[PDB]
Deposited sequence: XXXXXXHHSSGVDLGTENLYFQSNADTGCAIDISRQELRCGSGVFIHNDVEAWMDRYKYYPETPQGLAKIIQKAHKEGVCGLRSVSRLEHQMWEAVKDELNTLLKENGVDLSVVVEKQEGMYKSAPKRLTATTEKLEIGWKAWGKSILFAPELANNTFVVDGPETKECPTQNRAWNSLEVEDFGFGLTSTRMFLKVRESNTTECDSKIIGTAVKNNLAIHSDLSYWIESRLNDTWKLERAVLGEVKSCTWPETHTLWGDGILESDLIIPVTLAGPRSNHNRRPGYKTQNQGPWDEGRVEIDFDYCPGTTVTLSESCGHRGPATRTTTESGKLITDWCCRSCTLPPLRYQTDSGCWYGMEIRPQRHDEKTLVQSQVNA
């Protein structure tokens, strides 16, 4: 599964039903789909030329770049799928260099080196090592040049970026608002806000947690921003937008951002309560509702949040927002986020 290559036509054209207006309507415009919560991946990354990429790497290798960290899971999946190919490319040209791709657990961190146009390894992702520290790795060096048709999925071809930026690739971003529901999204983030008495964040699904910055061009309601109010941190591709807020909550810099997939919404973790209490503990690291031993922590408080509570759902269970604390300071087997972003 990695085949190599080697009616306004700028717009979407089709039909949809608008459930709110209760109208079936055809024509042209902009259609944003939910691709984060989709069964398969409709999209796969590809290099414009594997040979080109191999050249990019060996060059960066000469200039002392020991490896790379992917921007996203999709990018990782490319490096994973194209490594054997890149390696036979180097091998057959007499280049003493092999690409090595390690499993990625947790958030995709940024790095400061950049691949440019044109030991003996190039290490993609993995744990932090003294041998190949992040500071000598490349990150966010590629972007989408063109899209390629496929039967099963659609191809995205990567070129080398012309400049140095921390911005997420805008080619794959879809932001939209209609019927007072607002969506900031790309291939791995789906962030939904809605008007109900007030405008506020309602739900978010993060396929992984990345470290690029959400571009202003693709951001709604981005005036008069106070970053410390932004639920999802801008250092974690949180859109710098007033939609990325919830009354009674500040930036979740210590949310469980290193668990892999994270779903944010506002409801109670199963079998728990949350109470307003001026005697509750101050905000701290996001905390799970099950201990290491597995037992359920039922009673929770908050000093000044609003209900329903900010809830995180991950592979290992349910967590609460930073402002929500265990009512009883007696449980010692806590599982808490050790992130600071």
Report summary line: Per the record, deposited positions without any C-alpha are 7-20, 133-154
